[PDB]
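The block underneath contains the structure these notes are about, expressed in structure tokens.
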Amino acid sequence: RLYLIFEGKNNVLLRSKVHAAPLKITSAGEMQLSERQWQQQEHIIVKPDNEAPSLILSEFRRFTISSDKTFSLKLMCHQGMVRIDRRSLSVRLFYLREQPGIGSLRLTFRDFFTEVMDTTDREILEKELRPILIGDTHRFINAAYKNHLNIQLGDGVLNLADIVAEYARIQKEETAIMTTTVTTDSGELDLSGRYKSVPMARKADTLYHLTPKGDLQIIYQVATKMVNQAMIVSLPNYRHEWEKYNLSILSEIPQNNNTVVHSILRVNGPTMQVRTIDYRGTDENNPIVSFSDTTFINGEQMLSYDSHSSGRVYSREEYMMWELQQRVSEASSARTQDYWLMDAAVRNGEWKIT
């Protein structure tokens with residue numbers, strides 16, 4: 001424990017981000033990690049000297065939201081998770097854990113990229129070599145990893161050539177999966193403000209990637225099993241500008257009983273306020289309305305609601321009363337709302353409520 005001393009004359013305000021110290025790895029050969037041995041760290045940086053090791057991840061249940069293996073791999077590649085910095089590439093994977101939440105672990109590798117393209121500040125070389133990666137990806141890949149293109153997951157096997165190829169493909173397509181961005185001056189006219197209509201429906205399948213920069217990447221697939229076409233929602237710089245954004249998004253999800261249910265979504269910080277309305281589905285002039293929310297906790301980066309196993313019936317009164325009840329125990333959603341309130345209190349720089 002470490003004690004920091006502050007003057008008691010004024011009010012004390014702290015804005016800080018906590019990042020785990022990376023773990024340096026330099027051994028080579030058959031490197032098998034037990035469950036906690038890869039559960040503990042957050043960043044692992046690998047700097048090969050002569051060769052590269054073969055990572056083995058036993059009892060590593062890969063986090064997947066899509067049953068098909070060709071669509072959900074792209075989900076990370078669309079929720080967003082694979083970064084290139086010079087010669088290092090970082091890939092973030094997630095695992096399922098017994099206690100609530102979803103685990104995380106980032107693998108950072110050097111030396112995969114050869115020495116010919118050491119000018120990563122220039123994108124022309126990458127653009128020219130993009131077609132080559134489709135045909136012969138191994139050519140630009142150092143031989144030391146030609147024998148380490150697989151990851152062991154216990155009962156499954158993970159491939160990186162496909163992620164690299166599809167990441168290049170989506171980067172080319174940006175300059176597939178469709179994107180809907182939101183801004184202050186975009187959106188048609190309790191949640192008063194702007195309204196945005198999704199072009200095509202989504203399922204109970206919904207998700208929230210929290211970019212550290214402050215960009216929201218909400219995941220919305222297709223509600224159509226025989227081809228999966230998900231749709232990404234972009235909220236740039238919402239973390240520091242959430243009050244300038246007064247837009248919420250409406251969707252119409254079909255049900256198995258040939259019934260259309262409306263779902264209207266608003267975001268309050270990382271609080272995902274979802275309102276489900278039957279729209280005269282079973283009642284008369286008084287449709288039942290369900291309110292739900294989730295909040296990133298301990299600074300999570302990936303989080304949402306299967307909406308098939310997690311959920312409970314809450315009317316307005318029961319909802320906000322249970323909110324105060326857990327607020328006795330420091331409700332996470334109310335905590336983050338108040339905490340973002342303090343954050344937005346200094347947008348102009350000085351404590352003044354806009």
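Residues in the structure tokens are named by chain (A, B, ... in the order shown) and by number from 1 within that chain; ligands are numbered from 1 in the order shown.
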Practice task
Can you pull out every residue within 9 Å of segment 317-322 of chain A, counting only C-alpha atoms, but drop anything in the same chain fewer than 4 positions away, and send it as a VMD selection string?
Solution key: chain A and resid 291 to 292 313 326 to 327
Same residues, N, CA, C and O atoms, saved as a PDB file, in the first residue's frame:
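Okay, part20.pdb is ready:
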```pdb
ATOM      1  N   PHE A 291     -36.951  -2.316 -19.421  1.00  0.00           N
ATOM      2  CA  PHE A 291     -35.749  -1.494 -19.387  1.00  0.00           C
ATOM      3  C   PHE A 291     -34.574  -2.332 -18.903  1.00  0.00           C
ATOM      4  O   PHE A 291     -34.697  -3.070 -17.920  1.00  0.00           O
ATOM      5  N   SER A 292     -33.440  -2.215 -19.589  1.00  0.00           N
ATOM      6  CA  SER A 292     -32.238  -2.947 -19.217  1.00  0.00           C
ATOM      7  C   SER A 292     -31.022  -2.050 -19.404  1.00  0.00           C
ATOM      8  O   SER A 292     -31.058  -1.073 -20.154  1.00  0.00           O
ATOM      9  N   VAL A 313     -37.281  -9.421 -15.114  1.00  0.00           N
ATOM     10  CA  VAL A 313     -38.419  -8.546 -15.378  1.00  0.00           C
ATOM     11  C   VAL A 313     -38.394  -7.360 -14.423  1.00  0.00           C
ATOM     12  O   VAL A 313     -38.458  -7.532 -13.200  1.00  0.00           O
ATOM     13  N   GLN A 326     -29.213  -1.184  -4.614  1.00  0.00           N
ATOM     14  CA  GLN A 326     -27.822  -1.489  -4.923  1.00  0.00           C
ATOM     15  C   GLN A 326     -26.932  -0.255  -4.825  1.00  0.00           C
ATOM     16  O   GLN A 326     -25.709  -0.396  -4.750  1.00  0.00           O
ATOM     17  N   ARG A 327     -27.514   0.949  -4.852  1.00  0.00           N
ATOM     18  CA  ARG A 327     -26.728   2.162  -4.661  1.00  0.00           C
ATOM     19  C   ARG A 327     -26.259   2.281  -3.219  1.00  0.00           C
ATOM     20  O   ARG A 327     -25.201   2.865  -2.954  1.00  0.00           O
TER      21      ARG A 327
END
```
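Within the 7 Å cut-off around residue 96 of chain A, using only C-alpha atoms and omitting residues fewer than 6 positions from it on the same chain, the listed residues are residues 61, 63, 102 and 103 of chain A.
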Prev. selection, C-alpha atoms, output as a PDB file, in the first residue's frame:
```
ATOM      1  CA  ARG A  61     -12.162 -21.639 -23.982  1.00  0.00           C
ATOM      2  CA  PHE A  63     -14.805 -16.355 -26.412  1.00  0.00           C
ATOM      3  CA  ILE A 102     -15.136 -12.237 -19.405  1.00  0.00           C
ATOM      4  CA  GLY A 103     -11.368 -12.544 -19.170  1.00  0.00           C
TER       5      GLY A 103
END
```
Could you name the residues that touch residue 254 of chain A at 10 Å or less, counting only C-alpha atoms, but leaving out those on the same chain fewer than 2 positions away, as a PDB file with N, CA and C atoms, in the first residue's frame?
```pdb
ATOM      1  N   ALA A 201     -32.718  -4.966 -39.513  1.00  0.00           N
ATOM      2  CA  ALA A 201     -32.874  -5.432 -38.109  1.00  0.00           C
ATOM      3  C   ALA A 201     -31.641  -6.065 -37.457  1.00  0.00           C
ATOM      4  N   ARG A 202     -31.710  -6.254 -36.139  1.00  0.00           N
ATOM      5  CA  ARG A 202     -30.614  -6.940 -35.406  1.00  0.00           C
ATOM      6  C   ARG A 202     -31.284  -7.894 -34.414  1.00  0.00           C
ATOM      7  N   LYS A 203     -30.518  -8.802 -33.811  1.00  0.00           N
ATOM      8  CA  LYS A 203     -31.116  -9.810 -32.897  1.00  0.00           C
ATOM      9  C   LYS A 203     -30.835  -9.421 -31.444  1.00  0.00           C
ATOM     10  N   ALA A 204     -31.179 -10.297 -30.497  1.00  0.00           N
ATOM     11  CA  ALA A 204     -30.938 -10.052 -29.062  1.00  0.00           C
ATOM     12  C   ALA A 204     -29.412 -10.001 -29.065  1.00  0.00           C
ATOM     13  N   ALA A 223     -29.948 -10.957 -37.594  1.00  0.00           N
ATOM     14  CA  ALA A 223     -31.179 -11.701 -37.315  1.00  0.00           C
ATOM     15  C   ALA A 223     -31.546 -12.613 -38.480  1.00  0.00           C
ATOM     16  N   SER A 251     -34.560   0.213 -33.405  1.00  0.00           N
ATOM     17  CA  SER A 251     -34.451  -0.997 -34.201  1.00  0.00           C
ATOM     18  C   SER A 251     -35.733  -1.798 -34.049  1.00  0.00           C
ATOM     19  N   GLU A 252     -35.995  -2.654 -35.031  1.00  0.00           N
ATOM     20  CA  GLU A 252     -37.179  -3.505 -35.022  1.00  0.00           C
ATOM     21  C   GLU A 252     -36.717  -4.943 -35.201  1.00  0.00           C
ATOM     22  N   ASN A 256     -39.881 -15.119 -33.087  1.00  0.00           N
ATOM     23  CA  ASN A 256     -40.197 -16.410 -33.686  1.00  0.00           C
ATOM     24  C   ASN A 256     -41.681 -16.531 -34.006  1.00  0.00           C
ATOM     25  N   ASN A 257     -42.530 -15.785 -33.297  1.00  0.00           N
ATOM     26  CA  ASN A 257     -43.974 -15.833 -33.491  1.00  0.00           C
ATOM     27  C   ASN A 257     -44.459 -14.826 -34.529  1.00  0.00           C
ATOM     28  N   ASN A 258     -43.598 -14.450 -35.480  1.00  0.00           N
ATOM     29  CA  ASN A 258     -43.926 -13.476 -36.526  1.00  0.00           C
ATOM     30  C   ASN A 258     -44.389 -12.147 -35.931  1.00  0.00           C
ATOM     31  N   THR A 259     -43.734 -11.731 -34.851  1.00  0.00           N
ATOM     32  CA  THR A 259     -44.051 -10.494 -34.152  1.00  0.00           C
ATOM     33  C   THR A 259     -42.830  -9.586 -34.170  1.00  0.00           C
ATOM     34  N   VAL A 260     -43.058  -8.299 -34.412  1.00  0.00           N
ATOM     35  CA  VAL A 260     -41.990  -7.311 -34.462  1.00  0.00           C
ATOM     36  C   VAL A 260     -41.978  -6.544 -33.149  1.00  0.00           C
ATOM     37  N   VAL A 261     -40.819  -6.509 -32.494  1.00  0.00           N
ATOM     38  CA  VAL A 261     -40.644  -5.824 -31.222  1.00  0.00           C
ATOM     39  C   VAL A 261     -39.710  -4.650 -31.454  1.00  0.00           C
ATOM     40  N   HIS A 262     -40.108  -3.470 -30.986  1.00  0.00           N
ATOM     41  CA  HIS A 262     -39.232  -2.316 -31.089  1.00  0.00           C
ATOM     42  C   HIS A 262     -38.244  -2.294 -29.934  1.00  0.00           C
TER      43      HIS A 262
END
```
Problem - Distance in Å - atom CA of residue 270 of chain A versus atom CA of residue 323 of chain A - result: 16.4 Å
Exercise for the section: Tell me, as a count of residues only, which residues lie within 9 Å of residue 107 of chain A, counting only C-alpha atoms; anything in the same chain fewer than 5 positions away does not count. Expected result: 10
Exercise for the section: Once DSSP has gone over the backbone, tell me which residues of segment 11-71 of chain A are in helix (DSSP H, G or I), as number ranges by chain. Expected result: A: 35-39
Exercise for the section: Fewer than 3 positions away in the same chain doesn't count, so skip those; otherwise give me all residues within 12 Å of residue 342 of chain A, counting only C-alpha atoms, as JSON, numbers by chain. Expected result: {"A": [12, 13, 14, 15, 240, 335, 336, 337, 338, 339, 345, 346, 347, 349, 350, 351, 352, 353, 354]}
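Our summary of the geometry notes that atom CA of residue 71 of chain A is positioned 26.7 Å from atom CA of residue 128 of chain A.
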Among segment 5-48 of chain A, which residues does DSSP mark as strand (DSSP E) when it is run on the backbone? Keep the chain and numbering as in the structure and answer as a JSON list (two decimals) with N, CA, C and O atoms, in the first residue's frame.
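In the end it all went to result17.json:
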```
[["chain", "number", "residue", "atom", "x", "y", "z"],
["A", 23, "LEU", "N", 4.39, -8.10, -19.43],
["A", 23, "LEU", "CA", 5.28, -9.20, -19.11],
["A", 23, "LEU", "C", 6.15, -9.49, -20.32],
["A", 23, "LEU", "O", 5.65, -9.77, -21.41],
["A", 24, "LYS", "N", 7.47, -9.45, -20.12],
["A", 24, "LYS", "CA", 8.43, -9.69, -21.18],
["A", 24, "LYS", "C", 8.73, -11.17, -21.28],
["A", 24, "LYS", "O", 8.97, -11.83, -20.26],
["A", 25, "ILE", "N", 8.70, -11.70, -22.49],
["A", 25, "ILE", "CA", 8.96, -13.11, -22.74],
["A", 25, "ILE", "C", 10.10, -13.22, -23.75],
["A", 25, "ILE", "O", 10.05, -12.58, -24.81],
["A", 30, "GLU", "N", 8.92, -25.14, -26.68],
["A", 30, "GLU", "CA", 7.56, -25.53, -26.35],
["A", 30, "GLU", "C", 7.14, -24.82, -25.06],
["A", 30, "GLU", "O", 7.47, -25.27, -23.96],
["A", 31, "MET", "N", 6.42, -23.70, -25.19],
["A", 31, "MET", "CA", 6.02, -22.91, -24.03],
["A", 31, "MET", "C", 4.54, -23.15, -23.80],
["A", 31, "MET", "O", 3.70, -22.63, -24.54],
["A", 32, "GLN", "N", 4.22, -23.93, -22.78],
["A", 32, "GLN", "CA", 2.85, -24.24, -22.41],
["A", 32, "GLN", "C", 2.51, -23.49, -21.13],
["A", 32, "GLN", "O", 3.24, -23.59, -20.14],
["A", 33, "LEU", "N", 1.41, -22.75, -21.14],
["A", 33, "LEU", "CA", 1.01, -21.93, -20.01],
["A", 33, "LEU", "C", -0.23, -22.52, -19.36],
["A", 33, "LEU", "O", -1.21, -22.83, -20.04],
["A", 43, "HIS", "N", -0.79, -7.48, -20.64],
["A", 43, "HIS", "CA", 0.03, -7.36, -21.84],
["A", 43, "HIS", "C", 1.22, -8.30, -21.72],
["A", 43, "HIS", "O", 1.85, -8.37, -20.66],
["A", 44, "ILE", "N", 1.48, -9.05, -22.78],
["A", 44, "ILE", "CA", 2.68, -9.87, -22.88],
["A", 44, "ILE", "C", 3.41, -9.44, -24.15],
["A", 44, "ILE", "O", 2.83, -9.48, -25.24],
["A", 45, "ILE", "N", 4.66, -9.02, -24.00],
["A", 45, "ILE", "CA", 5.48, -8.57, -25.11],
["A", 45, "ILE", "C", 6.56, -9.61, -25.35],
["A", 45, "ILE", "O", 7.27, -10.01, -24.42],
["A", 46, "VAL", "N", 6.67, -10.05, -26.61],
["A", 46, "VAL", "CA", 7.62, -11.08, -27.01],
["A", 46, "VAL", "C", 8.63, -10.45, -27.96],
["A", 46, "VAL", "O", 8.25, -9.83, -28.95]]
```
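When atom CA of residue 17 of chain A is paired with atom CA of residue 233 of chain A, their separation reads 25.1 Å.
Restricting the calculation to only C-alpha atoms, the smallest distance between residue 247 of chain A and any of A:185, A:306, A:284, A:162 is found for A:185.
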Fill in the blank from the handout: One residue among A:207, A:52, A:129, A:82 is nearest to residue 117 of chain A when using only C-alpha atoms, and that residue is A:129
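Proximity of A:36, A:308, A:169, A:280 to residue 133 of chain A, computed with only C-alpha atoms, is greatest for A:169.
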